[PDB]
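Participant: I have a structure I would like to understand better, so I am pasting it below and will then ask my questions one at a time.
Note: ideal-geometry Cβ built from the backbone for every residue, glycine included; neighbour counts use all protein chains shown. Quick note: the coordinates plus some simple rules give every number you see, no bench work behind them.
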Amino acid sequence: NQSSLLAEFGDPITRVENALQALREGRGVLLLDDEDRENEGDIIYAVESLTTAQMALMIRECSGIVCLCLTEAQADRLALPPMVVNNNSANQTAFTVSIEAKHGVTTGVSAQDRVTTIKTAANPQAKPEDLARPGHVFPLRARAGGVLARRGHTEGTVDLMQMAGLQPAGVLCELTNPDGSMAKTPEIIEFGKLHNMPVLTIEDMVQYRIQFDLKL
Amino acid sequence: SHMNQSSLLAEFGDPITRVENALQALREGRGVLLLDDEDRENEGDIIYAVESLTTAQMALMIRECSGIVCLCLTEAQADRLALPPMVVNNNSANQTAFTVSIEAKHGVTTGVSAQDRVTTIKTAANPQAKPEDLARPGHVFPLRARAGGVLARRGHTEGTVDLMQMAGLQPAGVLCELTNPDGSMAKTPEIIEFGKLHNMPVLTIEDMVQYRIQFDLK
Ligand SMILES: O=C(NO)[C@H](O)[C@H](O)COP(=O)(O)O
Ligand SMILES: O=C(NO)[C@H](O)[C@H](O)COP(=O)(O)O
Ligand SMILES: [Zn+2]
Ligand SMILES: [Zn+2]
Ligand SMILES: [Zn+2]
Ligand SMILES: [Zn+2]
Ligand SMILES: [Zn+2]
Ligand SMILES: [Zn+2]
Ligand SMILES: [Zn+2]
Ligand SMILES: [Zn+2]
Ligand SMILES: [Zn+2]
Ligand SMILES: [Zn+2]
Ligand SMILES: [Zn+2]
């Protein structure tokens, strides 16, 4: 039972509030989506405080397909169209064209290079010409309305940033077991305890937003 | 004194021998580690043959490499799958030939597990595959190898397809950059140790070029 396992991280309101405070402190959090959706937990970091060490942990412990969650306005500013005109992926995951920093990286895949690319993209004064395409960082357009419009990790990421009062850009990647299977709730909980990362669910976020009448 | 890369690689044999051992590993369904030019990426990538690809091989790649696992295809196969370049005007440093990303439609869930990526890759590499067998976007990244292989473009992409063809295998391979725990990219000494521990031979693009020159040109 997921709610019973998660109980040690506090009740749902506490789980959200602890996640927001972690992010304000520059720490990562772990976000589980619905059991009947992906049933996956993603590491989430605020771009504002992103470090090479955080990126390195993500690469080593997750899928390695590290995504950059952006608002529609920031993706527009960067001139990042959807990768595909007609998306037919199972979840309609909103991949834009992939990106690299135009300057300041080599092959784009080291922890340092991915952070450079991500900081370059997230710069509120960025220009499209600041980014080469294609690249090794994968931006996602978060849906307007956040988790009340789409219950994906993309929306959970941007909603967490906004709720925490942070700049609305986050990085996201799926926690993966050494044998290649995807982490489920017990493994996610274990990882959170190891790395001082709050664990919460998308339903936690949805209930929180509903209760506190939160338009973002 | 630090010996150069060619000297560190001597324990794998002379350049032609390094290629021959790589071909045989692939025929035996084992992986290889391919280094490109020192003044290019100076990176080593794990390569696996698609035709013997296993979940455990993919899991290793996800754990020990960048996790951005690519599928190297011939232009003919990418065309058969209707996989256009991701970007019309590619201005990436190496002009790496990313197509739009892909996912299998059947036999997978979220597409990112080791098993799921293998399923996608097997689906895509099938010589009778059709465009509709693949959803786009997805979590596997196909690359269009240049006609002529390493004699035309000195990328890991061409290295991968060349090795498959020279080994007499299905002309499609899996490719990912070896990465250190601290997030830096693996360099030659680490690549060599990884190869020895995992029974994967190590070779360079220049080895492959010399091999093709000595074995093909007349
Ligand atoms: O597929 C993914 N990344 O590529 C993950 O699911 C990631 O969390 C983002 O996608 P999502 O918003 O559909 O959950
Ligand atoms: O960038 C990469 N993968 O995304 C790797 O370098 C991979 O080897 C393919 O690129 P390359 O053929 O330019 O070397
Ligand atoms: Zn827009
Ligand atoms: Zn590269
Ligand atoms: Zn997700
Ligand atoms: Zn010989
Ligand atoms: Zn010989
Ligand atoms: Zn011979
Ligand atoms: Zn997903
Ligand atoms: Zn390469
Ligand atoms: Zn050893
Ligand atoms: Zn190992
Ligand atoms: Zn030949």
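Participant: Specify the residue that is farthest from the chain's Cα centre (by Cα); the eligible residues are those in region B:137-149 that are without any contact (Cβ under 8 Å) to a residue 40 or more places away in the chain and under 25 Å from A:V85 (Cβ atoms).
Facilitator: B:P137
Participant: May I pose another question? Applying the selection to region A:100-116, what residues are of a type in the set (V, I, T) and either within 14 Å of ligand 1 (Cβ to nearest atom) or at the interface with chain B (Cβ under 7 Å from one of its Cβ atoms) (or both)?
Facilitator: Hits for region A:100-116 are A:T107, A:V109.
Participant: For region B:29-49, give me each residue that is over 18 Å from B:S184 (Cβ atoms), crowded, with 21+ Cβ neighbours inside 10 Å and not aromatic (F, W, Y).
Facilitator: The answer is B:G31, B:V32, B:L34, B:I47, B:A49.
Participant: Among the residues of region A:140-147, are any closer than 27 Å to A:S110 by Cβ, in contact with a helix residue (DSSP H, G or I) (Cβ under 8 Å, 6 or more places away or on another chain) and of a type in the set (A, V, I, L, M)?
Facilitator: yes
Participant: From the residues in region A:66-89 that are within 16 Å of ligand 2 (Cβ to nearest atom) and either of a type in the set (V, I, T) or touching a residue at least 40 places away in the same chain (Cβ under 8 Å) (or both), which one is surrounded by the most Cβ atoms within 10 Å (Cβ to Cβ)?
Facilitator: That would be A:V66.
Participant: Within region A:1-46, track down each residue that is farther than 27 Å from B:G111 by Cβ and of a type in the set (A, V, I, L, M, F, W, C).
Facilitator: Answer for region A:1-46, where residues must be farther than 27 Å from B:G111 by Cβ and of a type in the set (A, V, I, L, M, F, W, C): A:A7, A:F9, A:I13, A:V16, A:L20, A:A22, A:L23.
Participant: Test each condition in (1) in contact (Cβ under 8 Å) with a residue 60 or more places away in the chain; (2) of a type in the set (S, T, N, Q); (3) in a loop (DSSP other than H, G, I, E, B); (4) more than 30 Å from B:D39 (Cβ to Cβ) for B:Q115 and report the one that comes out false.
Facilitator: (3)
Participant: Look through region B:184-193, keep the residues that are more than 13 Å from B:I47 (Cα to Cα) and not hydroxyl-bearing (S, T, Y), and return whichever of them is nearest to the other protein chains (Cβ to nearest Cβ).
Facilitator: B:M185
Participant: So which residues in region A:75-90 are of a type outside the set (S, T, Y) and at the interface with chain B (Cβ under 8 Å from one of its Cβ atoms), if there are any at all?
Facilitator: Hits for region A:75-90 are A:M83, A:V84, A:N87, A:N88, A:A90.
Participant: Further question: Scan (1) surrounded by fewer than 24 Cβ atoms within 10 Å (Cβ to Cβ); (2) more than 15 Å from A:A169 (Cβ to Cβ); (3) within 15 Å of the chain's Cα centre (by Cα) for the single condition A:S63 breaks and write down its number.
Facilitator: (1)
Participant: As an exercise: evaluate A:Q162 against (1) over 30 Å from B:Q57 (Cα atoms); (2) among the polar types (S, T, N, Q); (3) touching a helix residue (DSSP H, G or I) at 6+ places or on another chain (Cβ under 6 Å) and give the number of the one condition it does not meet.
Facilitator: The failed condition is (3).
Participant: Every residue in region A:156-183 that is free of Cβ contacts under 8 Å to residues at least 60 places away in the same chain and within 14 Å of the chain's Cα centre (by Cα), please.
Facilitator: Once the filter is applied, which keeps residues that are free of Cβ contacts under 8 Å to residues at least 60 places away in the same chain and within 14 Å of the chain's Cα centre (by Cα), region A:156-183 yields A:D159, A:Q162.
Participant: Tell me the residue from B:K122, B:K218 that is under 24 Å from A:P178 (Cα atoms), of a type in the set (K, R) and either more than 16 Å from ligand 3 (Cβ to nearest atom) or not in a helix (DSSP H, G or I) (or both), please.
Facilitator: B:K122
Participant: I would also like to ask the following. Are any of the residues in region A:50-58 within 12 Å of chain B (Cβ to nearest Cβ), part of a strand (DSSP E or B) and surrounded by fewer than 23 Cβ atoms within 10 Å (Cβ to Cβ)?
Facilitator: No, region A:50-58 has no match at all.
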